[PDB]
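One structure below.
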Amino acid sequence: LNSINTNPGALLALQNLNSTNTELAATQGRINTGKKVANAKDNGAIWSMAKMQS
Amino acid sequence: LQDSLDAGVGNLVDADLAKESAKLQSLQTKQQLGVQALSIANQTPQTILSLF
Numbered sequence: 002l003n004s005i006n007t008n009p010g011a012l013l014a015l016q017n018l019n020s021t022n023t024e025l026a027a028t029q030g031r032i033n034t035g036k037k038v039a040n041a042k043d044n045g046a047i048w049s050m051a052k053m054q055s
Numbered sequence: 220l221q222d223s224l225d226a227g228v229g230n231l232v233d234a235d236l237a238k239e240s241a242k243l244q245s246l247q248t249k250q251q252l253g254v255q256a257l258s259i260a261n262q263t264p265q266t267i268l269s270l271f
């Protein structure tokens with residue numbers, strides 16, 4: 002709580018900031034690629050389907 | 220026969236420009252969007268400066 006050795010609240014705030022940064026990076030990838038699924042990591046099934054259809 | 224051979228060579232090599240007319244515009248729009256995404260990705264790290 003009132004400790005100079007650890008800051009749990011900054012840890013939780015850092016977790017929330019890392020989450021919003023990851024979502025912004027995913028939005029950046031969807032913008033610069035223009036695709037919901039651009040690679041196998043995004044969704045393997047739809048990726049295999051769209052690639053065989055292409 | 221020469222007219223047929225020229226028509227076959229044209230079927231082999233000639234591009235269909237009518238689809239290129241739309242592909243070029245979509246590619247320029249995608250280039251603009253990609254420059255914007257790269258600029259935002261560049262800006263992202265430097266917010267750490269606010270914490271110090």
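Protein sequence lines, in the order shown, are assigned to chains E and A.
If you're matching positions, the first sequence starts at 2 in the entry's author numbering and goes up one per residue.
If you're matching positions, the second sequence starts at 220 in the entry's author numbering and goes up one per residue.
The beta carbon of each residue, even a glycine, is placed where N, CA and C say it ideally should be.
Ordered along the chain, which non-local residues of its own chain (more than five positions away) have a Cβ less than 7 Å from that of residue i?
i       : result
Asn-8/E : none
Give the secondary structure of residue i by DSSP, where H, G and I count as helix, E and B as strand, and everything else as coil.
i         : result
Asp-222/A : helix
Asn-44/E  : coil
The alpha helix (DSSP H) with residue i in it runs from where to where?
i         : result
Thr-266/A : Where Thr-266/A is concerned, there is no enclosing alpha helix (DSSP H), given that its DSSP letter is neither H nor E.
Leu-2/E   : No alpha helix (DSSP H) holds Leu-2/E; DSSP gives it neither H nor E.
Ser-55/E  : Careful: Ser-55/E lies outside any alpha helix (DSSP H) and carries neither H nor E.
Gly-30/E  : 9-34
Strictly below 7 Å CB to CB, what residues from chain E border residue i?
i         : result
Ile-259/A : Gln-29
Sorted by chain position, which residues of the same chain lie with C-beta nearer than 6 Å to residue i's C-beta, five sequence neighbours on each side aside?
i         : result
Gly-227/A : none
Less than 8 Å between C-beta atoms, sequence neighbours within five positions excluded: which residues of the same chain meet that for residue i?
i        : result
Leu-2/E  : none
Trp-48/E : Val-38, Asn-40, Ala-41
When you compare only the Cα positions, how much space is there between residue i and residue j?
i         : j        : result
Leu-231/A : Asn-40/E : 33 Å
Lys-242/A : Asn-6/E  : 59 Å
Residues of chain A with a CB under 9 Å from the CB of residue i: which are they?
i        : result
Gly-10/E : Correct list: empty, because the minimum Cβ distance to chain A is about 14 Å.
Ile-32/E : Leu-252, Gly-253, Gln-255, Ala-256, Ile-259
Which chain A residues are close to residue i, counting only those with a beta carbon under 8 Å from its beta carbon?
i        : result
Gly-45/E : The contacting residues do not exist; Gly-45/E stays about 24 Å from chain A at best.
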